[PDB]
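Shown here is one chain on its own, the form deposited in one PDB entry, set out as structure tokens.
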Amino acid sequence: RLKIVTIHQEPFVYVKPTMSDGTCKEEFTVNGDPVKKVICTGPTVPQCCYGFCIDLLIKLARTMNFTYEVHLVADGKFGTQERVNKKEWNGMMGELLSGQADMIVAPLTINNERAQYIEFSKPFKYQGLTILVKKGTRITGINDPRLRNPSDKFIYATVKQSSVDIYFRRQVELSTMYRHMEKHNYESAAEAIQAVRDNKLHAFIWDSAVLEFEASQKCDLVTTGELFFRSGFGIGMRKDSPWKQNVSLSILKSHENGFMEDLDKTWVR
């Protein structure tokens, strides 16, 4: 019985209240296809979980025949490595290596950092990083003056303890932007996004699979379009888990099957 952790991140994981009798509200798509929902415990009430990853967890659970319990990550973070001297990981990463999760199913970005300590499946989604701005605000993209030059008249940030924070911190040439950002990063993408709608935040640097989806729904927002960096989401597992190879075999299969395609038409596009 695998313990799967995950994290609220539309459109990959919607997290929605339970009905009275502890069941999830039955739902279909406007294309007439059933909306699978699994119970997920978290910050500690059980709730209802669905979305792109969730269907993907169900295909994996069926393909490789296991059972599972899902929960939301304790600290609500993706995970970076921090000092205590020893070092430790926060968010989904720390839970994966502590044994609190047997597998991460989420938009977990694959990077050399994480991959040193955990195994990733072959990517299940190909995406990148982009910038989300409130429509009306018009910057040219990653090299816009008001961005390469930092100043508290135009505030831009990413998400605390994420692959984007790692990315902006590992690279000596991103030092100025990163010095601006760490004074402004948000604990979660919903917060950060809700700020851009409240004018409190001006540019969000986040995953295009998520930011592009927020522009197509919340039409007060929009992104740049330019992808200044490209990255992939993988399933995370502990070093040498029995599952790693069959998991990624199942990801390749689902790409060629068009299964991932149908997830994109259901959740992302």
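Under this definition, the rigid core comprises the largest set of C-alpha atoms superposing within 1.5 Å between the forms. Residue numbers run from 1 along the displayed sequence.
Asks: Is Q161 a gap in at least one third of the other compared entries?
Replies: Comparison shows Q161 kept in all of the other entries.
Asks: Should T176 be counted as unmodelled in at least a third of the other PDB entries compared?
Replies: Per the records, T176 is modelled in all the other entries.
Asks: Counting only residues from the deposited sequence, how many are left out of the model between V84 and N85 (none, 1 to 3, 4 to 9, 10 or more)?
Replies: Unresolved stretch here: 1 to 3 residues.
Asks: How many residues that are in the deposited sequence but not in the model lie between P43 and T44: none, 1 to 3, 4 to 9, or 10 or more?
Replies: Per the deposited record, the segment joining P43 and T44 lacks coordinates for 10 or more residues.
Asks: Highest mean C-alpha temperature factor of the two stretches 107-115 and 156-164, which is it?
Replies: For C-alpha atoms only, the mean B-factor is higher in 156-164.
Asks: Mean Cα B factor from the PDB record: higher for 17-25, or higher for 244-252?
Replies: Stretch with the greater average CA B-factor: 17-25.
Asks: Per the entry's Cα B factor values, which of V30, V38, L227, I205 stands out as the maximum?
Replies: Going by the entry's C-alpha B-factors, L227 comes out highest.
Asks: Comparing recorded Cα B-factors across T80, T130, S151, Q100, which one is largest?
Replies: Most elevated C-alpha B-factor of the set, per the entry: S151.
Asks: Where does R238 sit by CA temperature factor within its chain: lowest, middle or highest third?
Replies: Ranked within chain, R238 CA B lands in the middle tercile.
Asks: Can you work out whether the C-alpha temperature factor of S121 puts it in the lowest, middle or highest third of the chain?
Replies: As the PDB entry reports it, the C-alpha B-factor of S121 lands in the lowest third of its chain.
Asks: In terms of the CA temperature factor given in the entry, to which third of its chain does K265 belong: lowest, middle or highest?
Replies: Middle third - that is where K265 ends up once the chain's C-alpha B-factors are sorted.
Asks: Mind checking which third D198 falls in for C-alpha B-factor across the chain?
Replies: Highest third, going by the recorded CA B-factors of the chain.
Asks: So where's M93 on the chain's Cα temperature factor ranking, which third?
Replies: Ranked within chain, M93 CA B lands in the lowest tercile.
The same protein also has a form deposited in another entry, omitted here; what follows describes it.
Asks: Rigid core fitted, is the C-alpha displacement of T223 between this form and the one not shown 2 Å or more?
Replies: For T223, whose C-alpha is compared between this form and the one not shown after core superposition, the shift is 2 Å or more.
Asks: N90: after superposing the rigid core, is there a C-alpha shift of 2 Å or more between this form and the one not shown?
Replies: Shift at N90: below 2 Å after core fit.
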